[PDB]
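Protein chains in written order, with the authors' numbering: chain C, 1 to 100, 107 to 242; chain D, 1 to 99, 108 to 242; chain A, 1 to 21, 29 to 98, 109 to 242; chain B, 1 to 99, 109 to 242; chain E, 1 to 99, 108 to 241; chain F, 1 to 99, 108 to 242; chain G, 1 to 99, 108 to 242; chain H, 1 to 100, 108 to 241.
Think of the CB as a built atom: it goes at the ideal place given N, C-alpha and C, for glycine as much as any other residue.
Here the structure is laid out as C-alpha cells; the discussion comes afterwards.
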Amino acid sequence: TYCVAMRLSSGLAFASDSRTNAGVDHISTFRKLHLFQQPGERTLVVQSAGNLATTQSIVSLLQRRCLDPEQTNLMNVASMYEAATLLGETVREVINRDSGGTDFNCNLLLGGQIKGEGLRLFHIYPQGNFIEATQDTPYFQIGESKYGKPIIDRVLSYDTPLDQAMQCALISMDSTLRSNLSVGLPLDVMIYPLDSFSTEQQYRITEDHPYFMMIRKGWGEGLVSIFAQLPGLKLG
Amino acid sequence: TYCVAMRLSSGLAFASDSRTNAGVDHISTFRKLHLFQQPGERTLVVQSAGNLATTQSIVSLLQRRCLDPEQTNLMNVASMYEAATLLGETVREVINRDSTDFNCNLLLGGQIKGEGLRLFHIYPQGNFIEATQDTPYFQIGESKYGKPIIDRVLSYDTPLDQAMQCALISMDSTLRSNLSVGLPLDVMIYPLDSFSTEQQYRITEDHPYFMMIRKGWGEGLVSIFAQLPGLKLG
Amino acid sequence: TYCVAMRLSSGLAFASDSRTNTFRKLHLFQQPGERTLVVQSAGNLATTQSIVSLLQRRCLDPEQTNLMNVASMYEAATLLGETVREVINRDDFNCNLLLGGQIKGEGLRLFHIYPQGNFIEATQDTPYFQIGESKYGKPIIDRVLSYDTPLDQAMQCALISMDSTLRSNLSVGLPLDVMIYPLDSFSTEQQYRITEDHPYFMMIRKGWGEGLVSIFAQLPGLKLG
Amino acid sequence: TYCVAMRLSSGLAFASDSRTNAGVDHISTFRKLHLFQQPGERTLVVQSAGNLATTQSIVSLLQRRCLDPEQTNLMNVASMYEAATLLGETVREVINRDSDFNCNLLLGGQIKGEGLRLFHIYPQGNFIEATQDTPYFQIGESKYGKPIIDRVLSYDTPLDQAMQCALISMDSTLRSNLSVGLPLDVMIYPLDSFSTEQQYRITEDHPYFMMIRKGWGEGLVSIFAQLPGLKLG
Amino acid sequence: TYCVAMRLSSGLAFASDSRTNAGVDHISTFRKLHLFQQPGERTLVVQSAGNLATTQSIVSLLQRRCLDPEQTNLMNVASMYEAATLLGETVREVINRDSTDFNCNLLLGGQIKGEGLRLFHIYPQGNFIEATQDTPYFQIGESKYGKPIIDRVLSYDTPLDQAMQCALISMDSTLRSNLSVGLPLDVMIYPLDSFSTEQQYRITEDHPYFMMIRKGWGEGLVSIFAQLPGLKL
Amino acid sequence: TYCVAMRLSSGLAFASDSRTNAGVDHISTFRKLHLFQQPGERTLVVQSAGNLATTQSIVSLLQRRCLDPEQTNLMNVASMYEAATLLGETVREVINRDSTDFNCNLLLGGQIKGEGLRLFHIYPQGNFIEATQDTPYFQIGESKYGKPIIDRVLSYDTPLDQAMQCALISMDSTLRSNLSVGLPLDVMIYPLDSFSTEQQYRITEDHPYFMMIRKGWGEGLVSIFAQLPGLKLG
Amino acid sequence: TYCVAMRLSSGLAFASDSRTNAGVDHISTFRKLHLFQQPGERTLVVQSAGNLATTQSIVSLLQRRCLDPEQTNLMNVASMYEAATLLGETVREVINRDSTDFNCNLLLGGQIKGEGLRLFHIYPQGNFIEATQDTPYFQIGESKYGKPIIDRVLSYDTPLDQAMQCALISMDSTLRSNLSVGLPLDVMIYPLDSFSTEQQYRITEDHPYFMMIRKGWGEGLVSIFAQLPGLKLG
Amino acid sequence: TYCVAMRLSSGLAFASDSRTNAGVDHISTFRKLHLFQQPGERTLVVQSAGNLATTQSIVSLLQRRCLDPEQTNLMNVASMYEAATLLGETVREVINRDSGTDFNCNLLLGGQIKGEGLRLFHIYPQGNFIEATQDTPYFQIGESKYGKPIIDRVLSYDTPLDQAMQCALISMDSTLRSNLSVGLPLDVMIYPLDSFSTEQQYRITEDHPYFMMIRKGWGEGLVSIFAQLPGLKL
Ligand SMILES: [Cl-]
Ligand SMILES: [Cl-]
Ligand SMILES: [Cl-]
Ligand SMILES: [Cl-]
C-alpha cells in the first residue's frame with residue numbers, strides 16, 4: 001500500500017499501488033484509487049491506505065450516499081473543502097462503528119476539482135481532520151512512503167508540468183516496489199488537467215506495461231551510469 | 001539518527017549521522033560511531049540508534065570494562081560472535097536497570121585477528137543477526153529514505169571506496185528528506201586485515217568532497233530525469 | 001473446516017466441507040424472486056452456531072433488522088458484524114464468515130466477515146474468499162480462476178481445491194455442501210450435497226490426479242547446472 | 001521461508017527458499033540450507049525456519065563447536081540420531097539464552122556406517138524421524154506446496170524427479186504466499202556419496218526453473234480445460 | 001513554528017517561519033502568514049501556530065465566508081475588535097468539530121479604515137488580548153529564544169525598518185537554537201494608513217539581505233564578547 | 001530557576017540562579033548549587049531544578065550517606081558514572097517515597121582523580137545522559153531565553169573565563185525575560201585537575217563585575233544593532 | 001495585579017499596578033486604570049483584575065458603546081448605580097461569550121453630576137456592592153499585603169493627599185512581598201465636584217517622589233523597631 | 001490561624017495564634033504550638049494549620065508513639081531530617097484514614120537535636136517538606152500574608168532572638184487587625200541555640216501587658232512616621 005498525489009499549477013497527478021494486506025496470510029490485489037465524477041462539473045479522486053475493511057466501507061457508503069439527493073454527498077457538496085469535511089465525518093462514522107486502539111485506522115487522500123474552483127488536494131487522518139496541499143507542500147503520500155520520498159523532493163515542485171510529475175510518481179513507485187514487498191503491482195494512475203473535468207487519463211499499470219518497463223530500466227541504468235562516473239573518493 | 005554498515009569482500013564501510021533527539025526541545029549533535037581498537041589485533045565498531053541515555057550507558061559500560069582484565073570485555077572476547085553476545089547482554093543489563109521508551113538498536117562490525125570480517129545487528133531484546141553475502145549491510149534509525157540507493161548499487165563485491173560513495177549518497181537522500189537526520193557525519197573505512205582506524209573521518213557541512221559528491225549526484229539525477237523518453241501511458 | 005466462495009460476472013459458486021473438531032457450514036436465507044443469501048462458517052463452532060442461530064431466529068421478527076428485510080448486501084454485511092460484536096460483548110473463539118448472494122435491485126456481492134466484526138468485499142481484482150484450512154486449496158484457484166471464469170469451471174476449480182484439501186488435512190472431510198448461483202436467478206436449485214459416493218466428484222478427482230501425474234512424467238529432464 | 005527435505009531409497013533432495021523476515025519492515029535474503037561435511041565420512045544438511053536470530057545462533061554455535069574435539073559436535077556424533085539430540089539441545093540453549110524466539114529445523118544426510126536419516130526438530134528441542142511411508146518433511150509456509158508432494162512423491166521416486174517435485178512445490182508456494190521468495194538453495198545427495206557437489210543456487214534468471222514453472226503451469230491449464238463437463242445432478 | 005507581530009506608531013511589522021509539524025515523519029513547509037485585503041479600505045494579517053489541520057480550517061472557513069456578503073465575515077466587520085471576536089468564534093467552531109491536541113494560537117493584526125492599527129492574540133479557547141503601547145508585540149509558536157532581543161531593542165516608538173530588523177534577528181537566534189523553526193520566512197511591513205500588501209516578502213536561505221544581517225549580527229556579537237573586560241569574580 | 005553547566009577541555013563552568021517557587025504565594029531564595037568535595041581527590045557539583053522538596057531531600061540524603069562509609073556514597077564512588085547512577089537512584093528513591109508533581113532535574117559535574125572531567129544530566133526517571141565535545145553543556149529549568157548566546161560563542165575549547173562570561177550573559181537575558189529566574193546567583197569555576205572549590209561565588213544584585221558585564225553587554229547589543237546594514241528587502 | 005480605590009469626604013483616590021500574566025510565561029505590562037470622562041459632567045474610573053482577555057473585552061465594549069447614543073452607555077446613564085448595573089451586565093456578557109478562569113473583579117468609582125462620589129466593587133457574577141463610610145475602600149487582586157496599612161491609617165475623613173500616601177505605602181509593601189505585582193503604577197486623585205482627570209499619573213521606577221516615599225517609610229519603620237522597649241515576656 | 005517560625009544564627013523564634021474553625025458555627029480556641037521535649041538532649045516544636053481534626057490526630061499519634069521505644073518516634077530519631085520524614089508519614093497516615108482537600112494540613116517543625124544545628128521544616132499535606140536555610144530563614148502557615156511585609160523588611164538570618172520575637176509579635180498584631188480568622192490568646196516560644204529548654208514559652212492573653220505595650224507603641228510609631236512624610240509631589 002503506497003499512494004501518492006500531486007497538486008500542480010496545471011493539474012493533479014495520482015498514483016496508487018494495489019498490494020493489500022487482508023489477513024495474516026491474505027495478501028491480495030485491491031483498487032486503491034476511486035473516482036467520483038460529474039462530467040463538466042466535478043472530478044474527485046479518493047486514494048486509500050490502512051485498514052482495508054475501513055476504507056472499503058468509507059468508499060461504499062460515499063458511493064451509496066451519492067444516490068440520495070436528500071443527503072449531503074460528494075455530488076452536491078459545494079466545494080472540495082466540504083468534500084474533505086464529509087470524508088472526515090465518514091471516517092469517524094466507520095471507525096466508531098467497527099470499534100469496541108489503532109487497528110481500524112486509515113488515511114485517505116482526496117484530490118480534484120469542482121467547477122467554480124481551482125485544484126484542491128487533502129490528506130484525511132484517522133481522527134477525521136485533514137490538511138490541504140499548498141504550493142510549499144504540493145504533494146501528499148500515504149502508506150509505505152519513505153522509500154519513494156527522496157526522488158519527489160529532488161524533482162517535483164508546484165510548477166512541474168503534469169507529465170513529469172507522473173514520471174516522478176512512477177519512479178517513486180519503482181524505488182518503493184524494489185525496497186519493500188508490502189507495495190506491489192498492478193498500479194492505478196491518473197492525470198487530471200486543470201478545468202478538464204475529465205477521467206480519460208486513467209490507467210492500470212501491470213508488469214507487462216511497455217512504458218513502465220522502459221522508464222524503470224532507463225532510470226536504473228541512468229543511475230548506475232552516474233554512479234560509476236562519480237569522481238574518486240577523497241575523504242582525507 | 002541514521003546509521004549504516006556494510007560488510008564486503010575487501011572490507012567494511014560505516015556511516016553515522018549525529019543529529020539526536022535527547023528531549024523534544026533538546027535536539028543536538030552526538031557521535032554515533034565508537035571505536036574499540038587494539039592495533040594489530042582487533043578493530044571493532046559500534047553504531048548507536050534509539051534512546052540516547054540507553055546507548056551512552058551501554059557504550060560507557062563497555063568502555064569502562066575494557067579496562068578490567070578479569071571480566072569479559074570487548075578487548076578479550078575471542079570472536080566477533082562473542083562480541084555480539086556481550087553487546088546483547090549489556091543491552092539487557094542497561095534497559096532493565098533504567099526502567108519501549110528506553111529501547112536502542114546497535115550495529116557491531118570489524119575484525120578480530122584469526123577470523124574474517126563480521127558485522128552484526130543487535131536488537132533491543134538482546135538477540136542479534138549477522139550480515140552475509142546475500143544481505144551484506146544493516147541500517148538503524150531512520151533508514152528507508154536511504155535504502156533504495158543501497159539496493160540499487162551495493163553488493164558483497166563492491167570495492168570499499170564505492171561502498172562508501174554509496175553510503176554518502178544514502179545519507180544525502182536522508183538528509184534532504186527527513187529533518188531528524190543531520191550533519192556532521194562520522195564515517196569509517198576498514199580495509200580487510202588492516203586492523204587500522206586510520207580512515208576514520210568526521211564529515212561537516214564544509215567538507216569539500218561531500219559537497220562535491222552531493223552536487224554531482226544531484227545534477228546527475230536531474231539530467232537523467234530530463235532526458236527520459238516522453239510519457240506514454242496510452 | 002474449509003469454505004470457499006467465488007464472485008464472477010455471471011454468478012456465484014460456494015463450497016464448504018462439513019467435518020468438525029457433521030454440522031452444516033453453508034446456510035441459506037431465501038426469498039424466491041427477491042433475494043438469495045449464503046452464509047459460510049469457519050472457526051469456533053460455539054461462536055458460529057450462536058451467530059447463525061440468532062440470525063435465523065431474528066428472520067422470524069419483521070420489526071427487527073434481519074437477513075430477510077435488509078435493503079442491500081452491504082447492510083447484510085453490517086448486520087452480520089453487529090451480531091459478531093453482539094456475541095463478543097456478551098461473552109479463543111475466533112470465527113470467520115463469508116456472505117454472498119444477491120438482493121433484487123443490486124448485483125452479485127460477496128463479503129468476508131472477520132472475528133472483530135468488520136469486513137471486506139470481493140472485487141474484480143480479488144474475486145474469491147477462503148476461510149478455515151485454506152492454504153492447501155489456494156494454488157489451483159490462483160492458477161485457473163479469474164473474475165470472468167464461467168460458473169461451471171469455477172465450481173470445478175472449487176472441487177479440485179477441496180480435493181487437495183481433503184487429501185492433505187484430516188480435519189476437513191466429506192460430505193460437501195456446494196452451490197451454484199446464476200446471476201439474477203434467486204434460485205437454490207443448484208444446491209447439492211456431495212458425499213463419498215458422488216459419481217462426478219469421484220470422476221474429476223481421478224481425472225485430475227491422473228493428468229497431473231501425466232504432466233509430471235512428461236516434464237523435461239532435470240538440468241540444474 | 002519454506003524448506004523441504006526428501007528422504008528416498010537412492011538419496012536425499014533438499015530445497016529452501018531465502019525470503020526472510022528479520023524485523024519490522026526488514027525482509028531480506030538469507031541462506032536457509034547449511035552444510036556439515038566430512039569428505040568420505042559424513043554429509044549433514046541443516047535447514048532453518050522461524051526466528052532468524054535464533055537459527056543463526058544455532059548454526060554459528062554448531063560450526064564453532066565443530067572446531068573443538070573436546071566437545072560433542074556434528075563432526076564427532078556417532079549416528080544421525082545423536083546429531084538430532086545435539087541439535088535439540090542447541091535449540092533449547094539458544095532459545096533460553098535469547099529469552109517468538111522459536112524455530113523449526115530439518116536435519117538430513119548420511120554418516121558413514123549408517124543409512125540415510127532425516128529429522129524434523131521442533132522448538133521444544135524434540136524431534137521426529139522420516140520413514141518410507143512419510144518420506145519428506147517441510148518447515149515454514151508449507152501447506153501450499155504439500156498436495157503436489159503427496160500426489161507424486163514416494164520412497165522409491167528417483168532423485169531427479171524428487172527434486173522436480175520440490176521445484177513445483179516451491180512454485181505453487183512462491184505464487185500463493187509472498188512471504189516465500191527467490192533465490193533458492195537446493196541440493197541432491199546421492200546415497201553413499203558423501204558429496205556436496207550437487208548444490209545449487211537458483212535465481213530468477215535460472216533457465217530450467219523458468220522452464221519447469223512455465224511447463225507445469227501450461228500443463229495444469231490444459232488438464233483443466235480438457236476436463237469432462239460439470240455434472241452435479 | 002514561530003510568528004511575531006509588532007504594533008508600532010508608524011505601522012505594523014510581521015514575521016513568520018514555515019517549518020511545520022504535520023505528522024511525526026511529516027515536517028514540511030507551510031506558509032504561516034495569510035492576508036485579508038480590501039484596497040483602500042482594510043488590510044488584515046493572520047498568523048498561525050499549533051495544530052495545522054486546525055489552523056488551515058480556520059483560515060479556509062474565513063476565506064470562504066468572505067465570498068458570502070449575507071454573512072458576518074472579515075470583509076464586513078466594522079472594527080478590528082469585531083474581527084477578533086469573529087476569529088475566536090471560528091476557532092471554537094473548528095475545535096468542536098474536529099474533536108489540547110487540536111489547539112492553535114493566532115495573531116491578528118492590521119487596519120480597518122476609520123480606525124488605527126490594532127493587534128490581537130487569539131487563544132485556543134477563542135478569547136483574545138490586544139496589544140497596547142505597554143505591550144506592543146505578540147509571539148506565537150517557539151517564542152522564548154527570540155524574546156530577549158525584542159525586549160531589548162523594540163518600543164512603541166521604534167521606526168518600522170528597525171522593527172523589521174528586530175524581527176529578523178529574533179528569527180535568526182530562533183533558527184540557531186531550535187530546529188522546529190525553519191526557513192523560508194514570510195515577513196511583512198504594514199505602514200500606517202496604507203492598506204497595502206506590497207511590502208510582503210519571502211525570505212529563503214539564499215536571500216541576500218537576510219544573509220547580510222545575520223552575518224553582521226553574528227560578527228558584531230562575537231566582537232562584543234571578545235572586548236568584554238576580563239572576569240573578576 | 002535556571003541552571004547551566006559547561007564541560008570544556010580546561011575545566012568546568014557552573015551557574016545557578018536562586019529564585020524558587022516553593023508554594024502558591026511563596027516564591028523565595030533557595031540555593032541550587034551544592035558541592036561534594038574531597039580535597040586532592042574529588043570535586044563534584046550538583047545543580048537542582050524542579051520540586052524544591054524533592055531536590056532538597058535528594059541533597060540531604062546524599063549528604064547524610066556521605067557520612068556513612070558502609071554504604072555507597074558520593075565520597076566512595078569510583079567514577080563520575082557510578083555517581084550519576086547513584087544520583088539517578090536517589091532521584092527515584094525520593095520521588096517514590098513522596099508520591108509529575110514531585111519531579112526534578114539535576115546536573116552533576118566535576119572530577120574524580122584518575123579520570124577526566126565529566127558532566128551529566130539526570131532525568132526524573134533516574135536515567136541520564138553525558139556531555140561530550142559535540143554537546144559540551146547542559147541547561148535545566150527556564151533555559152530557552154539563555155541558550156542562543158551559548159550556541160553562539162560556546163565551544164568545547166572556549167577558555168574557562170569566557171565560558172563563565174557566556175554563562176553570566178545567558179543568566180542576564182533570562183533575568184530580563186522571565187520573572188521565575190532571579191538573583192542572587194551561585195556560580196563556580198572548576199579548573200581541570202585542580203580538585204579545588206576555591207572559585208565558588210555568590211553574585212548578588214550588588215556584585216560589581218556582574219553589574220559591569222550586564223550594562224556593558226546591553227550597551228554593546230544596542231551599538232551593533234545600530235551599525236547593522238540598513239534594511240533593503242526590495 | 002493589585003488595585004485599590006478609596007472614597008473619602010473630599011474625593012476619591014485610585015491606584016493600580018500593571019504587572020499582568022496574560023498566559024504562562026507571558027508576564028508583561030498592561031494598564032489597569034481606564035477613564036471615562038465627560039468634562040464638567042462626569043468622571044468614571046474603572047480598575048481591572050483577573051483574566052486580561054475578559055477585562056480588556058469589558059473595557060473595549062464599554063468604550064465602543066459610549067460612541068453609540070442609541071444604546072445605554074457610561075455617558076448617558078443617570079447615576080453611578082446605573083453605571084454599576086451596566087458594568088455588571090457587560091461582565092456577564094463577556095464571560096458568557098468567551099465560555108471559573110474567565111472571571112474578573114472590577115472597581116468603579118467617580119461622580120456623575122447631580123449626585124456625590126460613588127464607588128462600586130463588581131463581582132464576576134455581575135452583582136456588586138457599594139462603599140460606605142464604614143467600609144470606605146475596596147481592593148482587588150493581590151490585596152492582603154497592603155491591607156494592614158490602610159486599616160491603620162485610612163478613614164472616611166482622611167484628606168486626599170494623605171489617602172494617596174496610604175495607597176502608595178500599600179503598593180510598596182505589596183511590591184516588596186509578591187512578584188505578581190509590579191511597576192509601573194497608574195494613579196489618580198479625584199477631587200469632589202471637580203469632574204477632572206488633571207490628576208492622572210504614571211509612576212515609574214525612576215519616579216522621584218515614589219522613590220522618596222518608599223525610602224522614607226522604610227527607613228522610618230526600621231527606626232521605630234529599634235526604639236521599641238526590650239523584650240520581656242516573663 | 002497564623003503560625004510563624006524563624007530559624008536564626010542564635011536560635012529559633014515561634015509564634016502562633018489560637019483561633020480555630022472547627023465547624024461553620026464552631027470557631028474556638030485551640031493550641032497550635034506543641035512540644036516534644038527531652039531536657040539536655042532535644043527540643044522539637046510542632047506548629048499546626050488547616051483541618052483541626054487532622055492536626056490533632058497527628059500530634060496525638062506522635063505523642064502516643066513517643067511512649068513506645070520499639071517504634072520510630074520523635075524521641076528516638078537521630079536528626080531533625082528524620083523527624084520531618086516521620087511527620088510526613090504521619091500526615092499521609094492521618095489523611096488517608098480520615099478520607100476513607109478537606110482533610111489537609113500544613114505543619115511547621117523546628118528545633119534542635121543534640122549533635123546537630125538548628126533545623127526548621129515546613130511540612131505539606133502530601134507529606135513532603137522543605138527546610139529553612141540562610142536564604143529563607145522563616146516559614147509561615149495559615150493566614151500569613153497580612154504579616155509577611157514586616158518580616159521581610161525586618162528579619163534576617165543574623166537577627167538576634169529578641170528582635171525576632173518582636174518582629175513576630177508585630178506580624179501577629181497586623182494580622183489581628185486585618186483578618187478575623189486570627190485571634191488571641193497567643194502561644195510563643197524562644198529557643199536559644201544549644202539550650203534544649205522550654206522555659207521561654209509564653210501564653211500571651213488579651214491582658215498581657217507587654218504585648219499590649221508593643222502593639223500601642225508600634226501603632227503610634229507608624230502613625231507618627233506617616234504624619235511627617237513629605238507632601239504629595241506626583
Ligand atoms: Cl444512510
Ligand atoms: Cl562492573
Ligand atoms: Cl535510488
Ligand atoms: Cl454611608
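Residue i CB to nearest heavy atom of ligand 1 below 7 Å
i, result
"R92(C)", "no"
"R31(A)", "no"
"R126(E)", "no"
Alpha helix (DSSP H) segment containing residue i, residue limits
i, result
"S204(D)", "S204(D) -> no alpha helix (DSSP H), and no H or E assigned at all."
"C112(D)", "Not the alpha helix (DSSP H): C112(D) falls in the beta strand (DSSP E), residues 112-120."
"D169(F)", "168-185"
"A84(B)", "80-98"
"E227(D)", "216-234"
beta-carbon residue i near ligand 3 non-hydrogen atom, thresh 7 Å
i, result
"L229(C)", "yes"
Distance CB(residue i)-CB(residue j) smaller than 8 Å
i, j, result
"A5(F)", "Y145(F)", "yes"
"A175(E)", "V195(E)", "yes"
Under 8 Å from the C-beta of residue i: neighbouring residues of chain F
i, result
"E138(H)", "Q56, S60"
Contact test: residue i Cβ vs ligand 4 heavy atom, cutoff 7 Å
i, result
"residue 106(H)", "Structure remark: chain H lacks residues between 100 and 108, so residue 106(H) is without coordinates."
Contacts that residue i makes with chain H (C-beta to C-beta distance below 8 Å)
i, result
"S18(F)", "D142"
Contact belief for residue i with residue j at Cβ below 8 Å, rounded distance in angstroms
i, j, result
"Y2(D)", "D17(D)", "5 Å"
Run of the beta strand (DSSP E) containing residue i, from where it starts to where it stops
i, result
"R42(F)", "42-50"
Residue i beta carbon near ligand 2 (any heavy atom closer than 7 Å)
i, result
"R65(D)", "yes"
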